[PDB]
Amino acid sequence: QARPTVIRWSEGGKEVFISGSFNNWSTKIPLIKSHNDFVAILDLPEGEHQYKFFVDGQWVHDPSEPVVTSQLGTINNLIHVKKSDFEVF
């Protein structure tokens, strides 16, 4: 079960994308420009996901978010998605 999740890239650049473990590093999703900033909203299942940005042609992490080292040895950002069980009530 997935949540809408806001991802904001605020270190600037001209063209931003995100990819991550949530889609097995299979595709990049564009981030929309808005006042120095790039944002996307992602449908992501509860739990922890690793992710990284493709900014002006370079794979880069957000230095303001937590990071982790992959099985491949890469530095990826980590997001925890909270469970939304029973939030209707």
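Note that chain A carries Swiss-Prot numbering, so the residues on display, from first to last, are 75-163.
Method of determination (from the header): X-ray crystallography, 2.0 Å.
Placement of Cβ uses the backbone N, Cα and C atoms for every residue, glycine included.
What Swiss-Prot says about this one:
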type    : residues : note
MOD_RES : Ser95    : phosphoserine
MOD_RES : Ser108   : phosphoserine
MOD_RES : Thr148   : phosphothreonine
MOD_RES : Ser158   : phosphoserine
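Overlay of Swiss-Prot annotations on the structure.
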residue: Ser95; record: phosphoserine; Cβ contacts under 8 Å, 6 or more apart: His123, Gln124, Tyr125, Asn150
residue: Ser108; record: phosphoserine; Cβ contacts under 8 Å, 6 or more apart: none
residue: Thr148; record: phosphothreonine; Cβ contacts under 8 Å, 6 or more apart: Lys126
residue: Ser158; record: phosphoserine; Cβ contacts under 8 Å, 6 or more apart: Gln75, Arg77, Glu120
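The secondary structure of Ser95 (phosphoserine), as reduced to three states from DSSP, is helical. The DSSP secondary structure for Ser108 (phosphoserine) is coil.
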